[PDB]
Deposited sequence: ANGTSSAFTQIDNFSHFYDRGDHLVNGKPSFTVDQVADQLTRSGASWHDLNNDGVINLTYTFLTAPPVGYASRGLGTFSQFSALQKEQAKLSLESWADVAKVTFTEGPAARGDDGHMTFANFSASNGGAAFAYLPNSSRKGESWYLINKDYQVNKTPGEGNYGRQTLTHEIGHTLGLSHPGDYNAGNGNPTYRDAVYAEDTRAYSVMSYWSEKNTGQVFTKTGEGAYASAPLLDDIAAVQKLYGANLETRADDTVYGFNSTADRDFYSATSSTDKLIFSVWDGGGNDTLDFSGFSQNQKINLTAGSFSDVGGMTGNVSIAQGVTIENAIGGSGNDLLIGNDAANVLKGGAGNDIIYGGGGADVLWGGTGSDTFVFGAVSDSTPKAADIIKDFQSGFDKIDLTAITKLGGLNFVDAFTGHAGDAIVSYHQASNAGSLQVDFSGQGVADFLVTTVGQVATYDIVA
């Protein structure tokens, strides 16, 4: 029997689990399983000049290629500057995660391949299409534009015009669509929605995520969690990308339109890829109840939306800052700095010595294991407010309570609450194993009382 606060943390940390179960009658695939699914055609570019990176060049077509007329595409036109600008941003977002480089220029001798972008006008061509890297027309992608279909004319962060570019380019890199009029009912796995992969034809609503409301459209601009794993499986991860301390979200330093927020109404949808350093997910500008998880491969509910933000497999984000709402913050095994913000927050540091800030409001610092805060690597609550904040240990004690004493007696369950009214430093020591010495330590900036502990 643990507290309600712990249940909420545990519940959310498992809310998006994948693999070995059925979801909507369909098998749930893990990220790894999906990466095999998205690259099942076996097609990809080869490294001809041997140097561990695929060097592709691309051209914005100026004139129709030889035999163009026979394609049935109608009037040929070239990319406008807007499209070229957006195309470069999408290409960039792929280069960021996998070892693939893209350079604007004519087909050269030392390239591994060449790509072309162009527009057509005959709707019978479809909204847009690309070719796999093992076909005669490899590297080509085409975009419909006419009076009746206008989405490719104004692509921009967040709209389908931008996702199309990202989607089609993914296809030219070798990624297949999640499955082979069809609907989500025909998908092979459960996570085949736009919430996990930009290659999917189905909306996030099929998997329960909530990004927007009828009338408005919100689309991920860059590769999502499954896309990232599928492309790195193909070309290897790019560990040089943002390998220095990076901030995502508000006050962002990632220099990418899709990782950037400047307003409380912003609708973020992204998957973090990062090379290393001490990193932060800053969601301070939002006022909605958020739920942030710093676990690699996990999802978070940000800025009033659900399952819209995730962290790629093999990535470690160190810090997270909540917003004005009553948030849940979950750390990982690294030393995390977690700031709650205003509102009533539930913070779970995890393993390692964590720096925790509750901010204003009545906050709860939850602990699920003795190994979460030991004397060697002890947590520190920089702003504990006695009489308002609580230190929840129920997941450990299971509500058996603690025995507050002045000195350890050797009986398991003994706890000592100290305070140095000069440094304003307080601490909680506990002997869970009853080995006569403290095996759990939690220090704080601010006096802690015995009634501020929930055990």
Can you list the gaps, in order, where the deposited sequence has no modelled residues? 1-2, 183-188
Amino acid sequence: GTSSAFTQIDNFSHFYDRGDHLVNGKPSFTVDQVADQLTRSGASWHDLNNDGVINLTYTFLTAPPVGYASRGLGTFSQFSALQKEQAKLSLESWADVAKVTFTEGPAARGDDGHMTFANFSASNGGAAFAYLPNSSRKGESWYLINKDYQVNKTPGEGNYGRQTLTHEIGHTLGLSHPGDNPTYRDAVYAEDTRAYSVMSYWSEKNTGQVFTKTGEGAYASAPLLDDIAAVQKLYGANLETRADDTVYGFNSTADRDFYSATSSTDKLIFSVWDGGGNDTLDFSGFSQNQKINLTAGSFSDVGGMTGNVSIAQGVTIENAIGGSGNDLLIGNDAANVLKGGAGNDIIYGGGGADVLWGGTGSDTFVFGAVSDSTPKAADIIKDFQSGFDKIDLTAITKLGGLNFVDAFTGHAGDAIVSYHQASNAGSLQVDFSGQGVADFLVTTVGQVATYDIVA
From here on, numbers count along this sequence of modelled residues.
Determine, among the other compared PDB entries that model residues flanking residue 48, whether at least a third leave it unmodelled. yes
Comparing 84-92 with 127-135, the one whose average Cα B-factor in the PDB entry is higher: 127-135
With respect to the recorded C-alpha B factors, which stretch has the higher mean value, 152-160 or 235-243? 235-243
Choose from 177, 71, 114, 291 the residue with the greatest Cα B-factor as stated in the PDB record. 177
Which one of 56, 430, 31, 38 shows the top CA temperature factor in the record? 430
Going by what the PDB entry lists, where does residue 250 fall on CA B-factor within its chain: lowest, middle or highest third? lowest
Among all modelled residues of this chain, ranked by Cα B factor, put residue 207 in the bottom, middle or top third, i.e. lowest, middle or highest. lowest
Sorting the chain's CA B-factors, does residue 193 end up in the lowest, middle or highest third? lowest
Among the modelled residues of its chain, the C-alpha B-factor of residue 381 falls in the third labelled highest
Chain thirds of CA B-factor: placement of residue 109: highest
